[PDB]
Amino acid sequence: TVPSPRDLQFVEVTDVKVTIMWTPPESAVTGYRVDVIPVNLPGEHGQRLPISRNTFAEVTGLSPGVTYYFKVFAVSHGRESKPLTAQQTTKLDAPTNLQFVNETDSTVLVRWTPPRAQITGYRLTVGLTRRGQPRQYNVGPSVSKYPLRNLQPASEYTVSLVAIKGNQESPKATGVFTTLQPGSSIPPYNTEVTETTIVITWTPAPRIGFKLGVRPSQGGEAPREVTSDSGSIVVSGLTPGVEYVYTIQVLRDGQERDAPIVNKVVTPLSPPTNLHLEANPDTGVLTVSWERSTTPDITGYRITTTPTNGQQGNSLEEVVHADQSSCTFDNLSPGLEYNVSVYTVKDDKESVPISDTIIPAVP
């Protein structure tokens, strides 16, 4: 009979990571192994951590806003103790890429990318950067844009947006914008950002054009700056996962007669490509491999397996470092269909996955 550890403590709790530590039993122990199991959600994925002599464990690759069981087993003489078990809910992740479109000198359209967690609403705060207290707006959980009105012209505003889920609040997404000078008419424009492009679109008009500059906010790449009267400018060749300052300036009769509009955005992470699944019927292990993501400075990859038949409890995931272009899954039922997905991971951010299905041949 192996005595169990004691006093489970939560050292770090973020949206994607939980660090736990515990007190050893008063007996000689080979090491500890940690299981992480979702409490309520069947679509979520668990993890099994290898044995270690450390009295703490850092668990990453968790889903924001999800409750997990954390179970610590002591190991001795090849036998395991009863688990030391505690529950923790991860925090919410913040909305990303607050974007602003100037419509008039008093109206601005706010846009953003919703967080990964399931939410019940947003709290949107907008106020003059250097004057007074900001207004607050209650925003619904399904929307990704909000119109602002009665703004002071030629004035800089500070904007914050937090996601809400019941009593839980995410960290804030922040941004700044400056309204147009009074009475100024700019053609209606729209912006979109992808992994490698920043695009501006508008309806062409005689003697009106746009200039779009893009440069990395942290430096490291040469700046870009091009113009067009065609109604669209596509700046491609950008690096995924990088913060870019992009500047828009209207051109009237080929001349710059209005102040430039300054914006900031982070390009989405790029997924891995060329996913391959190979199942060995004689050993029972599945090998997953991919071509590295084109995103530099990622933190790793997250690999999930899910049976396509809605089964529960057979949903494990693996987190690997960025030098790994492969991983293996051991106990998958042969003859059954599994969906395997691989995500590029950078801190609490993830790419869209690359996915494929496999039927392990039952020997």
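Each residue number is its position in the shown sequence, starting from 1.
**Q** If you average the Cα B factors in the entry, which is higher, 327-335 or 313-321?
**A** Going by the record's values, the stretch with the higher mean is 327-335.
**Q** Which has higher Cα B-factors on average according to the PDB entry: 281-289 or 133-141?
**A** Taking the mean B-factor of the alpha carbons in each, 281-289 is higher.
**Q** Between 206, 231, 241, 216, where does the Cα B-factor run highest in the record?
**A** Result of the comparison over 206, 231, 241, 216: 206.
**Q** Which listed residue, 114, 268, 182, 166, has the largest C-alpha temperature factor in the record?
**A** Highest CA B-factor of the listed options: 182.
**Q** For the chain shown, is the CA B-factor of residue 91 in the lowest, middle or highest third of its modelled residues?
**A** Ranked within chain, residue 91 CA B lands in the middle tercile.
**Q** Once the chain's modelled residues are ordered by C-alpha B factor and cut into thirds, is residue 302 in the lowest, middle or highest one?
**A** CA B-factor rank for residue 302: lowest third.
**Q** Among the modelled residues of its chain, does the C-alpha B-factor of residue 66 lie in the lowest, middle or highest third?
**A** Bottom third by C-alpha B-factor.
**Q** Ranking the modelled residues of this chain by C-alpha B-factor as given in the entry, is residue 175 in the lowest, middle or highest third?
**A** It belongs to the middle third of the chain when residues are ordered by C-alpha B-factor.
**Q** What third of the chain, by the recorded C-alpha B-factor, contains residue 222?
**A** Tercile = highest for this residue's CA B-factor.
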